[PDB]
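Visitor: This is start12.csv, which holds CSV, C-alpha atoms:
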chain,number,residue,atom,x,y,z
I,789,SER,CA,-46.4,-101.6,-110.5
I,790,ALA,CA,-48.1,-102.5,-107.2
I,791,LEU,CA,-47.7,-106.3,-107.2
I,792,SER,CA,-51.0,-108.0,-107.3
I,793,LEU,CA,-52.6,-111.1,-105.7
I,794,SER,CA,-51.7,-113.2,-108.7
I,795,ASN,CA,-48.0,-112.5,-107.9
I,796,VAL,CA,-48.4,-114.2,-104.5
I,797,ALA,CA,-51.4,-116.4,-105.0
I,798,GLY,CA,-49.3,-119.6,-104.6
I,799,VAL,CA,-48.1,-118.7,-101.1
I,800,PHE,CA,-51.8,-118.2,-100.1
I,801,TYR,CA,-52.6,-121.7,-101.6
I,802,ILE,CA,-49.7,-123.2,-99.6
I,803,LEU,CA,-50.9,-121.5,-96.4
I,804,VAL,CA,-54.5,-122.7,-96.7
I,805,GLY,CA,-53.2,-126.2,-97.6
I,806,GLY,CA,-51.0,-126.3,-94.6
I,807,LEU,CA,-53.9,-125.2,-92.4
I,808,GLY,CA,-56.0,-128.0,-93.8
I,809,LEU,CA,-53.1,-130.4,-93.2
I,810,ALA,CA,-52.7,-129.4,-89.6
I,811,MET,CA,-56.5,-129.7,-89.0
I,812,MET,CA,-56.4,-133.2,-90.5
I,813,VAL,CA,-53.4,-134.3,-88.4
I,814,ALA,CA,-55.0,-133.0,-85.2
I,815,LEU,CA,-58.3,-134.7,-86.0
I,816,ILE,CA,-56.7,-138.0,-86.9
I,817,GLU,CA,-54.8,-138.0,-83.6
I,818,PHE,CA,-58.0,-137.1,-81.7
I,819,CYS,CA,-59.8,-140.0,-83.4
I,820,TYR,CA,-57.0,-142.4,-82.7
I,821,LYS,CA,-56.9,-141.4,-79.0
I,822,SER,CA,-60.7,-141.7,-78.8
I,823,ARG,CA,-60.6,-145.2,-80.1
I,824,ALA,CA,-57.7,-146.1,-77.7
I,825,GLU,CA,-59.6,-144.7,-74.7
I,826,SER,CA,-62.7,-146.7,-75.9
I,827,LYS,CA,-60.6,-149.8,-75.9
I,828,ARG,CA,-59.0,-149.0,-72.5
N,6,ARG,CA,-74.2,-121.7,-72.0
N,7,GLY,CA,-77.6,-120.8,-73.4
N,8,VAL,CA,-76.4,-117.4,-74.5
N,9,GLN,CA,-73.4,-119.0,-76.2
N,10,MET,CA,-75.6,-121.4,-78.0
N,11,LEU,CA,-77.9,-118.6,-79.1
N,12,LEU,CA,-74.9,-116.6,-80.4
N,13,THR,CA,-73.6,-119.6,-82.2
N,14,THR,CA,-77.0,-120.3,-83.9
N,15,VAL,CA,-77.6,-116.7,-84.9
N,16,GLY,CA,-74.1,-116.3,-86.3
N,17,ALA,CA,-74.3,-119.6,-88.1
N,18,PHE,CA,-77.6,-118.6,-89.7
N,19,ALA,CA,-76.2,-115.1,-90.5
N,20,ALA,CA,-73.0,-116.4,-92.2
N,21,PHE,CA,-75.0,-119.0,-94.2
N,22,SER,CA,-77.5,-116.4,-95.4
N,23,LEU,CA,-74.8,-113.9,-96.3
N,24,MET,CA,-72.8,-116.4,-98.3
N,25,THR,CA,-76.0,-117.7,-100.1
N,26,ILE,CA,-76.9,-114.1,-101.0
N,27,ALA,CA,-73.4,-113.3,-102.1
N,28,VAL,CA,-73.3,-116.4,-104.4
N,29,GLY,CA,-76.8,-115.7,-105.7
N,30,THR,CA,-76.5,-112.0,-106.5
N,31,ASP,CA,-74.6,-110.2,-109.2
N,32,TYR,CA,-72.9,-107.3,-107.4
N,33,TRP,CA,-69.5,-108.7,-107.1
N,34,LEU,CA,-67.5,-106.4,-109.3
N,35,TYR,CA,-68.2,-103.0,-110.9
N,36,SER,CA,-66.2,-102.9,-114.2
N,37,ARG,CA,-66.6,-101.9,-117.8
N,38,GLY,CA,-67.5,-104.4,-120.5
N,39,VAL,CA,-69.9,-105.6,-123.1
N,56,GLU,CA,-69.1,-101.1,-124.1
N,57,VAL,CA,-70.9,-100.2,-120.9
N,58,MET,CA,-70.3,-99.8,-117.1
N,59,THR,CA,-71.6,-103.1,-115.7
N,60,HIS,CA,-71.8,-105.1,-112.5
N,61,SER,CA,-70.9,-108.8,-112.5
N,62,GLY,CA,-71.3,-111.6,-110.0
N,63,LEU,CA,-70.1,-115.2,-110.4
N,64,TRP,CA,-72.6,-116.1,-113.1
N,65,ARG,CA,-74.0,-113.1,-114.9
N,66,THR,CA,-72.9,-109.7,-116.2
N,67,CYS,CA,-75.5,-107.0,-116.7
N,68,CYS,CA,-75.3,-103.4,-117.7
N,69,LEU,CA,-75.9,-100.3,-115.6
N,70,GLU,CA,-76.0,-97.3,-118.0
N,73,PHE,CA,-80.1,-102.4,-122.5
N,74,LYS,CA,-80.3,-101.6,-118.8
N,75,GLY,CA,-80.6,-105.0,-117.2
N,76,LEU,CA,-80.5,-108.0,-119.5
N,77,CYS,CA,-77.6,-110.3,-118.6
N,78,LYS,CA,-74.9,-112.4,-120.2
N,79,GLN,CA,-73.5,-115.7,-118.9
N,80,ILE,CA,-69.9,-114.9,-118.1
N,81,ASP,CA,-67.6,-116.4,-120.7
N,82,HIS,CA,-65.4,-118.3,-118.3
N,83,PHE,CA,-63.3,-119.9,-121.0
N,93,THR,CA,-52.8,-126.2,-118.2
N,94,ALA,CA,-52.6,-124.2,-114.9
N,95,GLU,CA,-54.7,-121.4,-116.5
N,96,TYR,CA,-57.3,-123.9,-117.6
N,97,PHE,CA,-57.5,-125.4,-114.1
N,98,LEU,CA,-57.9,-121.9,-112.6
N,99,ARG,CA,-60.6,-121.0,-115.1
N,100,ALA,CA,-62.5,-124.3,-114.5
N,101,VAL,CA,-62.3,-123.7,-110.7
N,102,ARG,CA,-63.6,-120.2,-111.2
N,103,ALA,CA,-66.3,-121.2,-113.6
N,104,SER,CA,-67.7,-123.9,-111.3
N,105,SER,CA,-67.4,-121.6,-108.3
N,106,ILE,CA,-66.7,-124.8,-106.3
N,107,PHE,CA,-65.2,-123.0,-103.3
N,108,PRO,CA,-67.9,-120.5,-102.5
N,109,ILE,CA,-70.5,-123.2,-103.1
N,110,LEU,CA,-68.5,-125.5,-100.9
N,111,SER,CA,-68.4,-122.8,-98.2
N,112,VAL,CA,-72.2,-122.5,-98.4
N,113,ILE,CA,-72.5,-126.3,-98.1
N,114,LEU,CA,-70.2,-126.4,-95.1
N,115,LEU,CA,-72.1,-123.6,-93.4
N,116,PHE,CA,-75.3,-125.6,-93.9
N,117,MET,CA,-73.7,-128.7,-92.5
N,118,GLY,CA,-72.5,-126.7,-89.4
N,119,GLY,CA,-76.0,-125.5,-88.8
N,120,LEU,CA,-77.3,-129.0,-89.1
N,121,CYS,CA,-74.8,-130.1,-86.6
N,122,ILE,CA,-75.9,-127.4,-84.2
N,123,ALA,CA,-79.5,-128.5,-84.5
N,124,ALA,CA,-78.6,-132.2,-84.0
N,125,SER,CA,-76.5,-131.3,-81.0
N,126,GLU,CA,-79.6,-129.5,-79.6
N,127,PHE,CA,-81.5,-132.8,-80.2
N,128,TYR,CA,-78.7,-135.0,-78.7
N,129,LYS,CA,-77.4,-133.3,-75.5
N,130,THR,CA,-75.0,-136.1,-74.6
N,131,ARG,CA,-73.0,-136.3,-77.8
N,132,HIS,CA,-70.4,-133.6,-77.5
N,133,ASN,CA,-68.6,-134.5,-80.8
N,134,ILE,CA,-71.5,-132.8,-82.7
N,135,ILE,CA,-70.4,-129.4,-81.4
N,136,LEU,CA,-66.8,-130.2,-82.4
N,137,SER,CA,-68.1,-131.2,-85.9
N,138,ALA,CA,-70.0,-127.9,-86.2
N,139,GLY,CA,-66.9,-126.0,-85.3
N,140,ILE,CA,-64.8,-127.9,-87.8
N,141,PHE,CA,-67.4,-127.2,-90.4
N,142,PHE,CA,-67.5,-123.5,-89.7
N,143,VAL,CA,-63.7,-123.2,-89.8
N,144,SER,CA,-63.5,-125.2,-93.0
N,145,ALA,CA,-66.2,-123.0,-94.5
N,146,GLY,CA,-64.1,-119.9,-93.7
N,147,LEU,CA,-61.0,-121.5,-95.3
N,148,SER,CA,-63.0,-122.4,-98.5
N,149,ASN,CA,-64.2,-118.8,-98.6
N,150,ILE,CA,-60.6,-117.6,-98.5
N,151,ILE,CA,-59.7,-119.9,-101.4
N,152,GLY,CA,-62.8,-118.8,-103.4
N,153,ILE,CA,-61.9,-115.1,-102.8
N,154,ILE,CA,-58.3,-115.7,-104.0
N,155,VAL,CA,-59.5,-117.6,-107.0
N,156,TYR,CA,-62.0,-115.0,-108.0
N,157,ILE,CA,-59.6,-112.1,-107.7
N,158,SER,CA,-56.9,-114.0,-109.7
N,159,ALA,CA,-59.3,-114.9,-112.4
N,160,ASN,CA,-60.5,-111.3,-112.6
N,161,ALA,CA,-56.8,-110.3,-113.0
N,174,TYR,CA,-62.9,-101.5,-111.2
N,175,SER,CA,-64.5,-101.8,-107.8
N,176,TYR,CA,-66.1,-104.5,-105.6
N,177,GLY,CA,-69.8,-104.5,-104.9
N,178,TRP,CA,-71.8,-105.6,-101.9
N,179,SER,CA,-71.9,-109.3,-102.7
N,180,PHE,CA,-68.1,-109.4,-102.4
N,181,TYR,CA,-68.2,-107.8,-99.0
N,182,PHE,CA,-71.2,-110.0,-98.0
N,183,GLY,CA,-68.9,-113.0,-98.7
N,184,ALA,CA,-66.1,-111.4,-96.7
N,185,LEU,CA,-68.4,-110.7,-93.8
N,186,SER,CA,-69.6,-114.3,-94.1
N,187,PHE,CA,-66.0,-115.5,-93.7
N,188,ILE,CA,-65.5,-113.4,-90.6
N,189,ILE,CA,-68.7,-114.5,-89.0
N,190,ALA,CA,-68.0,-118.1,-89.8
N,191,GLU,CA,-64.6,-118.0,-88.2
N,192,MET,CA,-66.1,-116.3,-85.1
N,193,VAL,CA,-68.8,-118.9,-84.9
N,194,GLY,CA,-66.3,-121.7,-85.3
N,195,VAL,CA,-64.2,-120.3,-82.4
N,196,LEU,CA,-67.3,-120.1,-80.3
N,197,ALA,CA,-68.4,-123.6,-81.0
N,198,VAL,CA,-64.9,-124.9,-80.2
N,199,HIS,CA,-65.2,-123.0,-76.9
N,200,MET,CA,-68.5,-124.8,-76.2
N,201,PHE,CA,-66.9,-128.2,-76.9
N,202,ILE,CA,-64.0,-127.3,-74.6
N,203,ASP,CA,-66.4,-126.1,-71.8
N,204,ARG,CA,-68.6,-129.3,-72.1
N,205,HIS,CA,-65.6,-131.6,-71.8
N,206,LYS,CA,-64.2,-129.5,-68.9
N,207,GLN,CA,-67.6,-129.9,-67.2
N,208,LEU,CA,-67.4,-133.7,-67.6
N,209,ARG,CA,-63.8,-133.5,-66.1
N,210,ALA,CA,-65.4,-132.0,-63.0
Y,539,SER,CA,-55.2,-117.7,-85.6
Y,540,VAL,CA,-58.4,-119.6,-85.6
Y,541,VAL,CA,-56.8,-122.8,-86.9
Y,542,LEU,CA,-53.9,-122.5,-84.4
Y,543,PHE,CA,-56.4,-122.1,-81.5
Y,544,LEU,CA,-58.4,-125.0,-82.8
Y,545,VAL,CA,-55.6,-127.5,-83.2
Y,546,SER,CA,-54.0,-126.4,-79.9
Y,547,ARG,CA,-57.0,-126.5,-77.6
Y,548,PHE,CA,-59.8,-128.7,-78.9
Y,549,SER,CA,-58.7,-132.2,-77.9
Y,550,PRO,CA,-59.7,-133.2,-74.4
Y,551,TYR,CA,-56.9,-135.8,-74.3
Y,552,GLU,CA,-54.3,-133.1,-74.5
Y,553,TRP,CA,-55.8,-131.4,-71.4
Y,554,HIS,CA,-55.4,-134.5,-69.3
Y,570,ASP,CA,-54.6,-126.3,-66.2
Y,571,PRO,CA,-54.7,-125.8,-70.0
Y,572,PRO,CA,-52.3,-128.1,-72.0
Y,573,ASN,CA,-50.7,-125.1,-73.6
Y,574,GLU,CA,-50.9,-121.3,-73.7
Y,575,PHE,CA,-52.5,-121.0,-77.1
Y,576,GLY,CA,-56.0,-119.6,-76.5
Y,577,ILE,CA,-57.7,-117.5,-79.2
Y,578,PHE,CA,-56.3,-114.3,-77.8
Y,579,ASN,CA,-52.8,-115.8,-77.4
Y,580,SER,CA,-53.1,-117.3,-80.9
Y,581,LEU,CA,-53.9,-113.8,-82.2
Y,582,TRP,CA,-50.7,-112.5,-80.4
Y,583,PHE,CA,-48.4,-115.3,-81.6
Y,584,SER,CA,-49.7,-114.8,-85.1
Y,585,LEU,CA,-49.2,-111.0,-85.1
Y,586,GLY,CA,-45.7,-111.2,-83.6
Y,587,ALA,CA,-44.8,-113.7,-86.3
Y,588,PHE,CA,-46.1,-111.5,-89.1
Y,589,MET,CA,-44.0,-108.6,-87.8
Y,590,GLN,CA,-41.1,-111.0,-87.2
Y,591,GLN,CA,-40.8,-109.3,-83.8
Y,592,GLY,CA,-42.3,-112.0,-81.6
Y,593,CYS,CA,-40.8,-114.2,-78.8
Y,594,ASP,CA,-43.2,-115.3,-76.0
Y,595,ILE,CA,-44.4,-118.9,-76.5
Y,596,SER,CA,-44.0,-121.3,-79.5
Y,597,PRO,CA,-46.4,-124.1,-80.5
Y,598,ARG,CA,-45.2,-127.6,-79.4
Y,599,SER,CA,-47.6,-130.0,-81.1
Y,600,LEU,CA,-47.2,-131.4,-84.6
Y,601,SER,CA,-50.2,-129.6,-86.0
Y,602,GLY,CA,-49.5,-126.3,-84.2
Y,603,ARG,CA,-46.0,-126.4,-85.6
Y,604,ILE,CA,-47.4,-127.1,-89.1
Y,605,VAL,CA,-49.5,-123.9,-88.7
Y,606,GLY,CA,-46.6,-121.9,-87.3
Y,607,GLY,CA,-44.2,-123.0,-90.0
Y,608,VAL,CA,-46.5,-122.4,-92.9
Y,609,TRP,CA,-47.5,-119.0,-91.5
Y,610,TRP,CA,-43.7,-118.2,-91.1
Y,611,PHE,CA,-43.1,-119.1,-94.8
Y,612,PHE,CA,-46.1,-116.9,-95.8
Y,613,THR,CA,-44.7,-114.0,-93.7
Y,614,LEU,CA,-41.2,-114.3,-95.1
Y,615,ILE,CA,-42.4,-114.2,-98.7
Y,616,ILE,CA,-44.8,-111.3,-98.1
Y,617,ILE,CA,-42.3,-109.1,-96.2
Y,618,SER,CA,-39.6,-109.8,-98.8
Y,619,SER,CA,-42.0,-108.9,-101.5
Y,620,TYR,CA,-43.0,-105.6,-99.8
Y,621,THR,CA,-39.4,-104.6,-99.4
Y,622,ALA,CA,-38.5,-105.5,-103.0
Y,623,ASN,CA,-41.4,-103.7,-104.5
Y,624,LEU,CA,-40.8,-100.6,-102.4
Y,625,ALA,CA,-37.1,-100.7,-103.6
Y,626,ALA,CA,-38.4,-101.0,-107.2
Y,627,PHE,CA,-40.7,-98.0,-106.8
Y,628,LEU,CA,-38.0,-95.8,-105.4
Y,629,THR,CA,-35.3,-96.9,-107.9
Y,630,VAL,CA,-37.7,-96.4,-110.8
Y,631,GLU,CA,-38.7,-92.9,-109.7
Y,632,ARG,CA,-35.0,-92.1,-109.4
Y,633,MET,CA,-34.5,-93.4,-113.0
Y,634,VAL,CA,-37.2,-91.2,-114.6
Y,635,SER,CA,-36.4,-88.0,-116.5
G,587,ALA,CA,-38.3,-104.1,-81.2
G,588,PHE,CA,-37.1,-101.2,-83.3
G,589,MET,CA,-33.7,-102.9,-83.6
G,590,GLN,CA,-35.6,-106.1,-84.6
G,591,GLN,CA,-33.7,-107.9,-81.9
G,592,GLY,CA,-35.1,-109.8,-78.9
G,593,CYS,CA,-37.9,-109.5,-76.3
G,594,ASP,CA,-36.9,-110.7,-72.8
G,595,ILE,CA,-40.5,-109.9,-71.7
G,596,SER,CA,-43.7,-109.5,-73.8
G,597,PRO,CA,-46.8,-107.5,-73.0
G,598,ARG,CA,-49.8,-109.7,-71.9
G,599,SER,CA,-52.7,-107.3,-71.4
G,600,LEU,CA,-54.9,-106.0,-74.3
G,601,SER,CA,-53.7,-102.4,-74.2
G,602,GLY,CA,-50.0,-103.4,-73.9
G,603,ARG,CA,-50.5,-105.8,-76.8
G,604,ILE,CA,-52.1,-102.9,-78.7
G,605,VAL,CA,-49.1,-100.6,-77.9
G,606,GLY,CA,-46.6,-103.3,-78.7
G,607,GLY,CA,-48.4,-104.3,-82.0
G,608,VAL,CA,-48.6,-100.8,-83.5
G,609,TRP,CA,-44.9,-100.3,-82.6
G,610,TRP,CA,-44.1,-103.6,-84.4
G,611,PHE,CA,-45.9,-102.3,-87.5
G,612,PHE,CA,-44.1,-98.9,-87.4
G,613,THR,CA,-40.7,-100.7,-86.9
G,614,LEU,CA,-41.4,-102.8,-90.0
G,615,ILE,CA,-42.6,-100.0,-92.4
G,616,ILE,CA,-39.8,-97.7,-91.3
G,617,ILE,CA,-37.0,-100.3,-91.6
G,618,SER,CA,-38.3,-101.5,-95.0
G,619,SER,CA,-38.4,-97.9,-96.2
G,620,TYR,CA,-34.8,-97.4,-95.0
G,621,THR,CA,-33.5,-100.4,-96.8
G,622,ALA,CA,-35.5,-99.7,-100.0
G,623,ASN,CA,-34.3,-96.1,-100.2
G,624,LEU,CA,-30.7,-97.1,-99.6
G,625,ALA,CA,-31.0,-99.6,-102.4
G,626,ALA,CA,-32.5,-96.9,-104.6
G,627,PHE,CA,-29.7,-94.5,-103.8
G,628,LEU,CA,-27.0,-97.1,-104.5
G,629,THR,CA,-28.6,-98.4,-107.7
G,630,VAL,CA,-29.1,-95.0,-109.4
G,631,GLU,CA,-26.6,-92.2,-109.0
G,632,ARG,CA,-28.9,-89.3,-109.6
G,633,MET,CA,-26.0,-86.9,-109.5
G,634,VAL,CA,-26.0,-83.1,-109.1
Let's see the structure in the file written out as structure tokens.
Guide:
Amino acid sequence: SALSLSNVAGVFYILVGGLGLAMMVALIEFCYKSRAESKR
Amino acid sequence: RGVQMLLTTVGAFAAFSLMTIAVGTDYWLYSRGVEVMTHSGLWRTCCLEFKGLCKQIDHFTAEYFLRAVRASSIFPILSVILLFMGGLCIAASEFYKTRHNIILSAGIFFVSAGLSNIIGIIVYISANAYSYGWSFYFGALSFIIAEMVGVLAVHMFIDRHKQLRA
Amino acid sequence: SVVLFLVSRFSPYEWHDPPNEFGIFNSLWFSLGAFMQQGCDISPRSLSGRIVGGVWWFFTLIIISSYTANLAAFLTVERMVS
Amino acid sequence: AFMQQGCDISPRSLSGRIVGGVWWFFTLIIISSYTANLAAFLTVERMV
């Protein structure tokens, strides 16, 4: 009766996907600003 | 700075070795199966009390996708690869003292390796759905050490850019 | 906590006095207050930090509701038994 | 914290953040237990 990890696995997948998305967004902004500062 | 680099290198080597040992060994789960008490890893199941000869785990649309991901063990292997890449970045940054983006790359690799470890753990437990052996906890400790080393590498990156600011 | 600290503090262009309050220790506090839904000190302001915060908020909401619902199920079922 | 309402000020030191955080865990396991037991009492009238 104790609900298992399979009952809430999808929310874990969503959480890790959101973490990866935030990392990607931050890194893309950093690369864009690096290129802009190289130009300027 | 040198002490931080030493901690980062030792932790990077420790997490990588722990994850490699966990992936290689077969003490992931103590359960009962072919009808004997056995211990299984990611690839082989062998009996405790034949005492030792192993079977390849019979790993076989959402259920099919989960079984394929579990069978390939893509996420623990990817964690091993990312830890290796982080170590390579640490070594290259030791070679190239002026390129600070290598430290950042190493930190990103370590954090990503930890995240891949989390995904692999969740996939393994769901596919299993007993007791957990020392390979499971080796992988968990590898995750913890990888996240600590990633935090420390990000700290080194921040400190170096702060030093350039002044 | 680690990803929140990373996306909040790594970029030197955000620093140009820290750009925000989300160090690793503060990231560990924001994240715990959120899980307990009893937290109100500082809130992430950047896009990626808000992504981390919102996804962690959704995780917390689902997990806490599941805990309460399963505890209610246990208690109701043990009242049912005879 | 117990009433699940507000902060005004938050602890900043390690020990305060340890005291605050174990109070937050108690406040969440006690208030979930209260709600779950009230639901159990209302659903099933185990009746003497």
Visitor: Calculate how many Å separate CA of residue 614 (chain Y) from CA of residue 581 (chain Y), rounding to one decimal.
Guide: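 It comes out at 18.1 Å.
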Visitor: Hey, which bits of chain I sit within 6 Å of chain Y, and for each residue what's the closest pair of atoms and how far apart in Å (one decimal), counting only C-alpha atoms, rows by chain and increasing number, as JSON lines?
Guide:
{"residue": "I:799", "atom": "CA", "partner": "Y:612", "partner_atom": "CA", "distance": 5.9}
{"residue": "I:803", "atom": "CA", "partner": "Y:608", "partner_atom": "CA", "distance": 5.7}
{"residue": "I:807", "atom": "CA", "partner": "Y:605", "partner_atom": "CA", "distance": 5.9}
{"residue": "I:810", "atom": "CA", "partner": "Y:601", "partner_atom": "CA", "distance": 4.4}
{"residue": "I:814", "atom": "CA", "partner": "Y:545", "partner_atom": "CA", "distance": 5.9}
Visitor: Rounded to one decimal, what separation in Å do you get between CA of residue 116 (chain N) and CA of residue 195 (chain N)?
Guide: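 A separation of 16.8 Å between them.
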Visitor: Show me, as a ChimeraX atom specification, every residue of chain N with an atom at most 10 Å from chain I, counting all atoms listed in the file.
Guide: /N:140,143-144,147-148,150-151,154-155,157-161
Visitor: Could you build a table of the residues in chain N lying no more than 9 Å from chain Y, giving for each the nearest pair of atoms and their separation in Å rounded to one decimal place, using all atoms listed in the file, ordered by chain and ascending residue number, as JSON lines?
Guide:
{"residue": "N:136", "atom": "CA", "partner": "Y:548", "partner_atom": "CA", "distance": 8.0}
{"residue": "N:139", "atom": "CA", "partner": "Y:544", "partner_atom": "CA", "distance": 8.9}
{"residue": "N:140", "atom": "CA", "partner": "Y:544", "partner_atom": "CA", "distance": 8.6}
{"residue": "N:143", "atom": "CA", "partner": "Y:541", "partner_atom": "CA", "distance": 7.5}
{"residue": "N:191", "atom": "CA", "partner": "Y:540", "partner_atom": "CA", "distance": 6.9}
{"residue": "N:192", "atom": "CA", "partner": "Y:540", "partner_atom": "CA", "distance": 8.4}
{"residue": "N:194", "atom": "CA", "partner": "Y:540", "partner_atom": "CA", "distance": 8.2}
{"residue": "N:195", "atom": "CA", "partner": "Y:540", "partner_atom": "CA", "distance": 6.7}
{"residue": "N:198", "atom": "CA", "partner": "Y:548", "partner_atom": "CA", "distance": 6.5}
{"residue": "N:199", "atom": "CA", "partner": "Y:548", "partner_atom": "CA", "distance": 8.1}
{"residue": "N:201", "atom": "CA", "partner": "Y:548", "partner_atom": "CA", "distance": 7.4}
{"residue": "N:202", "atom": "CA", "partner": "Y:548", "partner_atom": "CA", "distance": 6.2}
{"residue": "N:205", "atom": "CA", "partner": "Y:550", "partner_atom": "CA", "distance": 6.6}
{"residue": "N:206", "atom": "CA", "partner": "Y:550", "partner_atom": "CA", "distance": 8.0}
Visitor: Excluding residue 117 (chain N) and any residue of its chain fewer than 6 positions from it, enumerate the residues within 12 Å of it, using all atoms listed in the file, and give them as a list in words.
Guide: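 Within the cut-off, the hits are residues 17, 18, 21, 110, 111, 123, 124, 134, 135, 137, 138, 139, 140, 141, 142, 143, 144 and 145 of chain N.
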Visitor: Could the residues in this selection be written to a file with C-alpha atoms, as an mmCIF file, in the frame of the given file?
Guide:
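Listing of result-v3.cif after writing:
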data_model
loop_
_atom_site.group_PDB
_atom_site.id
_atom_site.type_symbol
_atom_site.label_atom_id
_atom_site.label_comp_id
_atom_site.auth_asym_id
_atom_site.auth_seq_id
_atom_site.Cartn_x
_atom_site.Cartn_y
_atom_site.Cartn_z
ATOM 1 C CA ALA N 17 -74.300 -119.600 -88.100
ATOM 2 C CA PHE N 18 -77.600 -118.600 -89.700
ATOM 3 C CA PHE N 21 -75.000 -119.000 -94.200
ATOM 4 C CA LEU N 110 -68.500 -125.500 -100.900
ATOM 5 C CA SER N 111 -68.400 -122.800 -98.200
ATOM 6 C CA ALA N 123 -79.500 -128.500 -84.500
ATOM 7 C CA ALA N 124 -78.600 -132.200 -84.000
ATOM 8 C CA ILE N 134 -71.500 -132.800 -82.700
ATOM 9 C CA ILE N 135 -70.400 -129.400 -81.400
ATOM 10 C CA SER N 137 -68.100 -131.200 -85.900
ATOM 11 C CA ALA N 138 -70.000 -127.900 -86.200
ATOM 12 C CA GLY N 139 -66.900 -126.000 -85.300
ATOM 13 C CA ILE N 140 -64.800 -127.900 -87.800
ATOM 14 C CA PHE N 141 -67.400 -127.200 -90.400
ATOM 15 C CA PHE N 142 -67.500 -123.500 -89.700
ATOM 16 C CA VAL N 143 -63.700 -123.200 -89.800
ATOM 17 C CA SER N 144 -63.500 -125.200 -93.000
ATOM 18 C CA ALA N 145 -66.200 -123.000 -94.500
#
Visitor: Please compute the CA of residue 189 (chain N)-CA of residue 127 (chain N) distance, one decimal, in Å.
Guide: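 Computing the Euclidean distance for CA of residue 189 (chain N) and CA of residue 127 (chain N) yields 24.0 Å.
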Visitor: Which residues, written as a PyMOL selection string, have at least one atom at most 10 Å from residue 183 (chain N), with only C-alpha atoms counted and residues fewer than 5 positions away on the same chain left out?
Guide: chain N and resi 20-28+33+108+111+146+149-150+152-153+178+188-189
Visitor: Counting only C-alpha atoms, give me one row per residue of chain Y with an atom at most 8 Å from an atom of chain G, showing the shortest contact pair and its distance in Å to one decimal, sorted by chain then residue number, as CSV.
Guide:
residue,atom,partner,partner_atom,distance
Y:582,CA,G:603,CA,7.6
Y:585,CA,G:607,CA,7.4
Y:586,CA,G:607,CA,7.6
Y:589,CA,G:610,CA,6.0
Y:590,CA,G:590,CA,7.8
Y:591,CA,G:590,CA,6.2
Y:592,CA,G:593,CA,7.3
Y:593,CA,G:593,CA,6.1
Y:594,CA,G:596,CA,6.2
Y:620,CA,G:618,CA,7.9
Y:621,CA,G:618,CA,5.5
Y:622,CA,G:622,CA,7.2
Y:624,CA,G:622,CA,5.9
Y:625,CA,G:622,CA,4.1
Y:626,CA,G:626,CA,7.6
Y:628,CA,G:626,CA,5.7
Y:629,CA,G:626,CA,4.3
Y:632,CA,G:630,CA,6.6
Y:633,CA,G:630,CA,6.7
Visitor: Missing atoms in region 620-631 of chain G: fill them in up to N, CA and C atoms and send the result as an mmCIF file, in the frame of the given file.
Guide:
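Dumped to result_15.cif:
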data_model
loop_
_atom_site.group_PDB
_atom_site.id
_atom_site.type_symbol
_atom_site.label_atom_id
_atom_site.label_comp_id
_atom_site.auth_asym_id
_atom_site.auth_seq_id
_atom_site.Cartn_x
_atom_site.Cartn_y
_atom_site.Cartn_z
ATOM 1 N N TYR G 620 -36.236 -97.662 -95.068
ATOM 2 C CA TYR G 620 -34.800 -97.400 -95.000
ATOM 3 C C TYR G 620 -34.032 -98.229 -96.002
ATOM 4 N N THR G 621 -34.272 -99.542 -95.961
ATOM 5 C CA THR G 621 -33.500 -100.400 -96.800
ATOM 6 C C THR G 621 -33.849 -100.174 -98.307
ATOM 7 N N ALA G 622 -35.125 -99.946 -98.628
ATOM 8 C CA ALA G 622 -35.500 -99.700 -100.000
ATOM 9 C C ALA G 622 -34.909 -98.395 -100.535
ATOM 10 N N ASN G 623 -34.896 -97.341 -99.717
ATOM 11 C CA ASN G 623 -34.300 -96.100 -100.200
ATOM 12 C C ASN G 623 -32.817 -96.154 -100.296
ATOM 13 N N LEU G 624 -32.156 -96.895 -99.404
ATOM 14 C CA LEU G 624 -30.700 -97.100 -99.600
ATOM 15 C C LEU G 624 -30.412 -97.855 -100.843
ATOM 16 N N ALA G 625 -31.214 -98.876 -101.154
ATOM 17 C CA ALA G 625 -31.000 -99.600 -102.400
ATOM 18 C C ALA G 625 -31.255 -98.698 -103.610
ATOM 19 N N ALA G 626 -32.270 -97.833 -103.549
ATOM 20 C CA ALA G 626 -32.500 -96.900 -104.600
ATOM 21 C C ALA G 626 -31.369 -95.931 -104.829
ATOM 22 N N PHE G 627 -30.816 -95.421 -103.727
ATOM 23 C CA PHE G 627 -29.700 -94.500 -103.800
ATOM 24 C C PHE G 627 -28.452 -95.187 -104.382
ATOM 25 N N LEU G 628 -28.211 -96.437 -103.984
ATOM 26 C CA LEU G 628 -27.000 -97.100 -104.500
ATOM 27 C C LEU G 628 -27.164 -97.580 -105.910
ATOM 28 N N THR G 629 -28.374 -97.943 -106.341
ATOM 29 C CA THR G 629 -28.600 -98.400 -107.700
ATOM 30 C C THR G 629 -28.419 -97.247 -108.707
ATOM 31 N N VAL G 630 -29.105 -96.138 -108.460
ATOM 32 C CA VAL G 630 -29.100 -95.000 -109.400
ATOM 33 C C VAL G 630 -28.388 -93.850 -108.743
ATOM 34 N N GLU G 631 -27.325 -93.407 -109.398
ATOM 35 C CA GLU G 631 -26.600 -92.200 -109.000
ATOM 36 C C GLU G 631 -27.194 -91.015 -109.679
#
